[PDB]
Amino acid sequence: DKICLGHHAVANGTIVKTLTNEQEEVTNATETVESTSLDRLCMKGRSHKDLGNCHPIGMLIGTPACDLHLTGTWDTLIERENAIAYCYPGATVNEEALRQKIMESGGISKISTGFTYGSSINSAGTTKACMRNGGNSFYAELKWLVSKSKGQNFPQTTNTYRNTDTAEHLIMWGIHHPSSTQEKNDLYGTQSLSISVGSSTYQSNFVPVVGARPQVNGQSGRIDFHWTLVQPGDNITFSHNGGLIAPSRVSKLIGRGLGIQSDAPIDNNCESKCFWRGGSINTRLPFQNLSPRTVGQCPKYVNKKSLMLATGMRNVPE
């Protein structure tokens, strides 16, 4: 009489790598690298904002595309490709640094600068590039200042914003760059132009560039933007003698928020903590092979199609 010891086995095992063997068959195993992505934005449990056609910077200056996004609060901010920031052609100095600050935030408050001007200076300057319901308009947070006496020299006028709040505010202004000499003289007169911006922890002088250049949206003139942070209790004086795009309001960034650059559609039914350009990644697996560019709490990216972890013994079939 006889008693035999043994173990189980299966008809179809699974291959795994070990320290000593690339091709080891075990009874069972499970995947450790995530291969699947949900091709959409899982926004359940998130007070989110879909900017759509509005580009983040557009929120601060007030492009027609961004009228519904001039203020608000959120935990998640979604940017889309080809979002319009500047209706009138130009760009921003340190544009990407500014963009990240916005996408790092959980909201925007706007505060009035209280800027008010002389009768010589006309602030109601609009353009054909920034229309609103047919009629011509301008960036809603700024004003275009020109001489109402066309040709005459732009007055030596001072404007000052003080920050009385307990938190730092983000102020933006713009410098106009004419397409020619004749144009430059019409608006702000014949003198050589300078614009100073002074605060206790920032100074910088700006001089309008002038020269014939291509028409972006039927406009050879440029309006470029600059920005700095104004600390609590400090004020910021604006000495200018021509060509200042002056702010009517200033911004304040509130809280913290996760920024997501993706065109994939929004789903309020699924939730996720990891996002990438292609969509969302819901997985309890510690690795992924979908992209090395993700935001949130993500599995670590690896260059691996698969890595099976053994969940059973060496398979030794009959």
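Numbering starts at 1 and runs along the sequence shown.
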property: Mean C-alpha temperature factor, higher of 38-46 and 255-263; result: 38-46
property: Which of 298-306 and 5-13 has higher mean CA B factor, as the PDB entry lists it; result: 5-13
property: Which of 162, 110, 99, 184 ranks first by CA B-factor in the deposited coordinates; result: 184
property: Among 73, 136, 76, 94 - the residue whose C-alpha B-factor is largest in the record; result: 136
property: Chain third (lowest, middle, highest) by recorded CA B-factor, residue given as residue 269; result: highest
property: Residue 118, C-alpha B-factor rank within chain (lowest, middle or highest third); result: highest
property: CA B-factor ranking of residue 106, expressed as a third of its chain; result: lowest
